[PDB]
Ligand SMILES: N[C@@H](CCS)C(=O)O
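Before any questions on how it binds or moves, here is one chain, the form solved without 2-amino-4-mercapto-butyric acid, in structure tokens.
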């Protein structure tokens, strides 16, 4: 009988209980005991769910109040001193590191540690931060979270497998603090290993027989000298006095690093065969006698019902290489990255809901697959699964002939402007006559809003009253900008709740959930859109508010759009067609929008792709350069239908060559000399500080726009700043 395994379970709660209790604790409404009681109730509920589903290997220490990497930093005393001088008990040191700390000496405003994207998932972890003076050690009176949680589950009669981030990944994903700029985190390895060993011994003494030790940096391009550290670390940790170690990898391909793990004393490995099924043969063939192979075949980052027949076949290949006794059916990664429970959806059509599985359902999928490859009769589940998979692949939701046919029209001309920039600029100058050092802003501006969204969705106020409120907000914002004297304006987007869902709602091919929440960072969660089929845009999405904003001023009003790659990356994508295809479909839908904007007189249009870098494939090579090419192609498909006098803008927070590939008229960036398309380097503060910072960037005149850093912060600050920025632009004129 082949075992089933889950690498981690989302902890937010089916009703976002974790968010509610933590935010209550932070605002003084709940006590720390109330906090802890809710956490314990969440963990117990999630363990019992997993046991009842029949999962064999059930994780502990996957729970967190904020972030699991932060939890380890607190456990190992990677705590910078500044957080320690306020008499905070350890759980409050933890929160102080995660979210910062303010006290009424002058006031304290101690900033949080940095938030970092966890690989290419949509989760963010708190950066481990080390100094030359870091003394790594266990903190017994803080409680040892993985020991305590292991024991809690055991007392419920649930044997679990503690999960911790391994020492190489933990140090390598961390960074040197300000006061220790030359420190290489990985150099700290000999100092941290004794703390890992101690932790593992305490887990063993409590009854833990296996531990999942995550080494996800093995899917990254690692220097050779980092590669050798795996043999060192794991030779030091393995022994009679510790649990068996299952070295766990996800999100990518470990083959370039196989030599690093081919002679390890660990008890087994886990690999992600959803993202990289093709590494199976080579990773299997380095397993030593006795080592087990955990085959990650149930996607931990997407919401589609698994094809039981294909997932079992992947598992059956593993079984053929190393033996039925040495394979485990697993989720590809932690279920951290999926929503909690499909059964909470109250509005989804049953046809569509038949195609999905969220975390709770994925528990049943790993069990049924495990039974299937072990020889049990599960033909009824197999048949029902095959029926769902079949229905999806034949549905019209998925296949729209017009979109298919439109994809066949994509070619170079469709992704190229009618003329090159220099010629375009001469028509743009005749049209706008913008003065040199033109001034604009990047988008957002500074209460009552949701109040009016609300009575409108319940039909209490007409579309008529709703529109006048929107238009009054737009009005305020436009007049404010005019009185400051900005040259190119924005409307403020009071009509928009969310950069991606605002578009997804208005596009075919999308479905939406009531409860599909995923933790993004801390207590902040996202409810991503789902791409279910071929995307098209039946009609104008933004034209109305932009046309109204443009009508009350003789300054150029920017249209504002989100790009195709960002819409794709902050949605749950289809798993039946490539990312590329989904991006080009989005490019084409956005092209209709850009063209309608231009048609309605909105001939300055900003299109932002803030997710481009998060989507970078994890290793260098063909997949990465293909991604950068199609990403840019998709942007150009959206923006290349316009006349020469229409001005495409794009704004970047974050590689100059990719930016160049977009051929935008104006790029706002928050030493590429021979590049004609114009740039606004972000400046935001004195008029003279402005005067200084521009003067020094001087060291090209006709090419510089002036603008802030990213969206706007209180009215007096924005005003004073914006007004100072404009004054500075005028001197130079």
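Take the two forms, superpose them, and find the largest set of C-alpha atoms that agree within 1.5 Å; that set is the rigid core. Positions refer to the first chain, counted from 1.
Here the subject shifts to the form deposited with 2-amino-4-mercapto-butyric acid bound, a form of this protein not shown in this document.
*Have a look at 602, 94, 442, 147 for me and say which one sits with a heavy atom within 4.5 Å of 2-amino-4-mercapto-butyric acid in the deposited complex.*
Result of the distance check: 442.
_Listed residue that, although 2-amino-4-mercapto-butyric acid is not shown, lies within 4.5 Å of it in the deposited complex (heavy atoms), from 610, 256, 485, 556_ = Partner contact (heavy atom, 4.5 Å) among the options: 610.
*Pick the stretch from 493 to 501, 276 to 284, 236 to 244, 583 to 591 whose residues have a heavy atom within 4.5 Å of 2-amino-4-mercapto-butyric acid in the deposited complex.*
Stretch 493 to 501 is the one.
_Is residue 24 near 2-amino-4-mercapto-butyric acid? Define near as a heavy atom within 4.5 Å, in the deposited complex._
Although 2-amino-4-mercapto-butyric acid is absent here, residue 24 would stay clear of it in the deposited complex, with no heavy atoms inside 4.5 Å.
*Do residue 718 and 2-amino-4-mercapto-butyric acid share at least one heavy atom pair within 4.5 Å in the deposited complex?*
No, residue 718 is distant from the partner.
*asked:* Can you work out whether residue 651 and 2-amino-4-mercapto-butyric acid are in contact in the deposited complex, taking contact to mean some heavy atom pair no more than 4.5 Å apart?
replied: The answer is yes: residue 651 has a heavy atom within 4.5 Å of 2-amino-4-mercapto-butyric acid.
_residue 13, heavy atom within 4.5 angstroms of 2-amino-4-mercapto-butyric acid in the deposited complex_ = Close contact is absent here: in the deposited complex, residue 13 is far from 2-amino-4-mercapto-butyric acid, nothing within 4.5 Å, heavy atoms only.
*Could you list the residues in 556 to 573 that come within 4.5 Å of 2-amino-4-mercapto-butyric acid in the deposited complex, counting only heavy atoms and keeping sequence order?*
The stretch touches the partner through 560 alone.
*Superposing on the rigid core, which residue among 53, 36, 694, 42 shifts its Cα by at least 2 Å between the shown form and the other one?*
Of all the options, the C-alpha that shifts by at least 2 Å belongs to 694.
*Is residue 24 one of the residues whose Cα moves 2 Å or more between the shown form and the other one, with the core superposed?*
The answer is no, as the C-alpha of residue 24 shifts between the shown form and the other one by less than 2 Å after core alignment.
*Is it true that residue 725 shifts between the shown form and the other one by 2 Å or more at the Cα, once the core is aligned?*
Residue 725: C-alpha displaced by 2 Å or more between the shown form and the other one.
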